[PDB]
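Report on the following structure.
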Amino acid sequence: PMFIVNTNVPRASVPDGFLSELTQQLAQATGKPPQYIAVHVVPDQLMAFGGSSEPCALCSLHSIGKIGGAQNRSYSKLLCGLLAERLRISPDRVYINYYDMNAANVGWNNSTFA
Amino acid sequence: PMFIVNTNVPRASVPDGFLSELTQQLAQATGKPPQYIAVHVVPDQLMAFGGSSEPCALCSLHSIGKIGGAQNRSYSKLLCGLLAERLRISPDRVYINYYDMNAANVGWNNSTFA
Amino acid sequence: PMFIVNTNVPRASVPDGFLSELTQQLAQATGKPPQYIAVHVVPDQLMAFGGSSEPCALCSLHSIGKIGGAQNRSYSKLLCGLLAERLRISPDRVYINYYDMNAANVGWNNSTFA
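Here is the structure:
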């Protein structure tokens, strides 16, 4: 799985250990070894949510499997919770796009997962 | 809806009221309350279009519905128009990827839109 | 086609000519005319792969067609090869998401490719 967070929160407000915490929590939430988890945090972004420059985040979670209605609700609770606790972003100022990828459409290590 | 623009145009060339203008214009164009519109502009990017590094832009518009053949042509005229007028990017150096997201695949406020 | 690389490798380690090489090699691999190829490289990123902050990359290739099982395997070999040779990123620390875009969902030059 791959999780990307784009936010207007400044770099200095991203706490030490955040990428590792996201890796660990996503590994547990998806039921997959942490070796498969990639995380990417992009602070200091020029963005608005609802026309407001208050803290917000635009995120993506891509995975081969483990994406669906109930699972995505659970991921959203987990991830909004982390963004609220660690970056002080209100959950109603977060969008997370979920992508259920086919193995043939994910490249890695000179090939794909198909 | 969420609109992202990545561009090699420098940050100082992004007009002060650009995020607010994108928000209002996309609210009108999608027929959604502006409270739901997220906008994200990423200047100063290392990019090329056709092998050339004159001003260009790579963009995306994600929405739950309001995506389709004629609608996307209208969005493209609207958004290329704004990028040409405000950022001085030629319309033939802009790509906009459109994504019709299922509500169950969009997280927000600790849950999804399903 | 549009190819985006997001990497923790620093900007100074991206060689002169990298965008031009990606453009030409993507034209060679997809067969598409170079004038239609966009490339975007984002260095200095806060990211982890498998819990580790060693050099890594998260990438995407979007194309109207020219996406599929065998094609994506070939692109992964090519692109991991370039990332290894030019950015010193191990291929097993690269993910590439492949997207076959419908022409009606790609805006360009005030319209779409439909």
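Chains as they are written, first to last, in full-length UniProt numbering: chain A, 2 to 115; chain B, 2 to 115; chain C, 2 to 115. For each residue, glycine too, the CB sits at the ideal point set by N, CA and C.
### Within 9 Å, strictly: CB atoms of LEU80/B and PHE19/B
Working through the second sequence from its first residue, we reach residue 80/B at position 79. Working through the second sequence from its first residue, we reach residue 19/B at position 18. Against a cut-off of 9 Å, the Cβ pair of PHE19/B and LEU80/B comes out as no contact.
### Query
Quick one: is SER14/C near chain B, going by C-beta distance under 9 Å?
In the third sequence, residue 14/C corresponds to position 13, counting from 1. No, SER14/C lies away from the interface with chain B (no Cβ there is under 9 Å from its Cβ).
### Query
So is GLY108/A buried or exposed if we call it buried at 16+ other beta carbons inside 10 Å?
As a first step, residue 108/A is located in the first sequence; it is residue number 107 there, counting from the start. Buried, by the Cβ-count rule.
### Task
Per DSSP, which residues does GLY108/B bridge with? Please list them.
The count along the second sequence starts at 1 and reaches residue 108/B at position 107. DSSP output for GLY108/B lists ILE97/A, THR113/B as bridge partner(s).
### Task
In the DSSP assignment, find the unbroken beta strand (DSSP E) run with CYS57/C in it and report its ends.
As a position in the third sequence, residue 57/C is number 56, starting the count at 1. Segment: none, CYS57/C is in no beta strand (DSSP E) and carries neither H nor E.
### Message
Our contact map puts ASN98/A next to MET102/B with C-beta atoms below 8 Å; I'd like the distance itself, whole angstroms only.
### Response
As a first step, residue 98/A must be located in the first sequence, where it is residue number 97. As a first step, residue 102/B must be located in the second sequence, where it is residue number 101. Contact holds; Cβ gap of about 6 Å.
### Message
Closest to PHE114/B by C-alpha separation, out of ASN73/A, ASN9/A, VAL43/A, would be which residue?
### Response
Your numbering for residue 114/B matches position 113 in the second sequence. Looking from the CA of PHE114/B, the closest CA among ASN73/A, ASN9/A, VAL43/A belongs to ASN73/A.
### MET48/C - partner residues in DSSP beta bridges
Residue mapping note: residue 48/C aligns to position 47 of the third sequence, counting from 1. When DSSP reads this structure, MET48/C sits in a beta bridge with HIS41/A.
### Task
Classify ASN103/A as helix, strand or coil using the three-state DSSP reduction.
By 1-based counting over the first sequence, the position of residue 103/A is 102. In this structure, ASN103/A counts as coil in the three-state DSSP scheme.
### Task
Starting from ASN73/B, trace the alpha helix (DSSP H) both ways and give me its first and last residue.
Taking the second sequence and counting its residues from 1, the one referred to as residue 73/B is at position 72. Unbroken alpha helix (DSSP H) run through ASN73/B: 70-88.
### Task
For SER64/A, count neighbouring Cβ atoms within 10 angstroms of its own Cβ and tell me buried if that reaches 16, exposed if not.
The residue labelled residue 64/A in the question sits at position 63 within the first sequence. Label assigned to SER64/A: buried.
### Task
Grab me the residues of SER75/A's own chain with a C-beta within less than 8 Å of its C-beta, minus the 5 sequence neighbours each way, in chain order.
Translated into the one-based positions of the first sequence, residue 75/A becomes position 74. So the list reads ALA30, once near-sequence residues are dropped.
### Query
Nearest-angstrom Cα distance between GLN25/C and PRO34/C?
Within the third sequence, residue 25/C is the residue found at index 24, counting from 1. Within the third sequence, residue 34/C is the residue found at index 33, counting from 1. About 9 Å.
### Task
State the Cα-Cα distance for the pair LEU62/A and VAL43/A, rounded to the nearest angstrom.
The count along the first sequence starts at 1 and reaches residue 62/A at position 61. The count along the first sequence starts at 1 and reaches residue 43/A at position 42. Near 14 Å, if we compare the C-alpha coordinates of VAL43/A and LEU62/A.
#### Entry: Reduced DSSP secondary structure (H/G/I, E/B, other) of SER64/A
Taking the first residue of the first sequence as 1, we reach residue 64/A at position 63. Strand.
### Message
Run through the DSSP bridge pairs and tell me what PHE4/A is partnered with.
### Response
Counting from 1 along the first sequence, the entry for residue 4/A is found at position 3. Paired residue(s): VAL40/A, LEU62/A.
### Task
Answer with yes or no whether the minimum CB distance from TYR99/B to chain A is below 9 Å.
Along the second sequence, read from residue 1 onward, the residue named residue 99/B stands at position 98. Cβ-Cβ to chain A under 9 Å: no for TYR99/B.
### Query
Quick one: what's got a C-beta closer than 8 Å to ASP17/B's C-beta in the same chain, skipping five residues either side?
Here residue 17/B refers to the residue found at position 16 of the second sequence. Nothing listed; no residue qualifies.
### Message
Quick check: the Cα distance between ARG12/C and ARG89/B, rounded to an integer number of angstroms?
### Response
The count along the third sequence starts at 1 and reaches residue 12/C at position 11. The count along the second sequence starts at 1 and reaches residue 89/B at position 88. The alpha-carbon atoms of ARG12/C and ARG89/B are separated by roughly 26 Å.
### Task
Just the C-alpha distance for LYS78/A and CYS60/B, rounded to the nearest angstrom, thanks.
Within the first sequence, residue 78/A is the residue found at index 77, counting from 1. Within the second sequence, residue 60/B is the residue found at index 59, counting from 1. Looking at the backbone, the Cα of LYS78/A and that of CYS60/B are separated by about 28 Å.
#### Entry: Residue from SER21/C, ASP45/C, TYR37/C, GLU22/C with nearest C-alpha to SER14/C
In the third sequence, the residue the question calls residue 14/C occupies position 13. When only C-alpha atoms are compared, the closest one is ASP45/C.
### Task
For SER14/B, name the three-state secondary structure that DSSP assigns.
For the purposes of this step, residue 14/B is taken as residue 13 along the second sequence, with counting starting at 1. Helix.
### Message
For the ligand SAH, is there any heavy atom lying closer than 8 Å to the beta carbon of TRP109/C?
### Response
The ligand SAH is absent from the structure shown, which contains no ligands of any kind.
### Query
In chain order, what residues of the same chain have a beta carbon less than 8 Å from the beta carbon of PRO56/C, not counting five sequence neighbours either side?
Mapped onto the third sequence, residue 56/C falls at position 55. Excluding positions up to five away in sequence, the list reads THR8, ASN9, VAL10, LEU88, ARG89, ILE90, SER91, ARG94.
#### Entry: Where the alpha helix (DSSP H) containing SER21/A begins and where it ends
Residue mapping note: residue 21/A aligns to position 20 of the first sequence, counting from 1. Counting along the chain, the alpha helix (DSSP H) containing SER21/A begins and ends at 19-31.
### Task
Keeping to the same chain, check which residues put their C-beta closer than 6 Å to that of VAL6/C; ignore five residues upstream and five downstream.
Stepping through the third sequence from its first residue, residue 6/C is reached at position 5. So the qualifying residues of the chain are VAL42, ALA58, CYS60.
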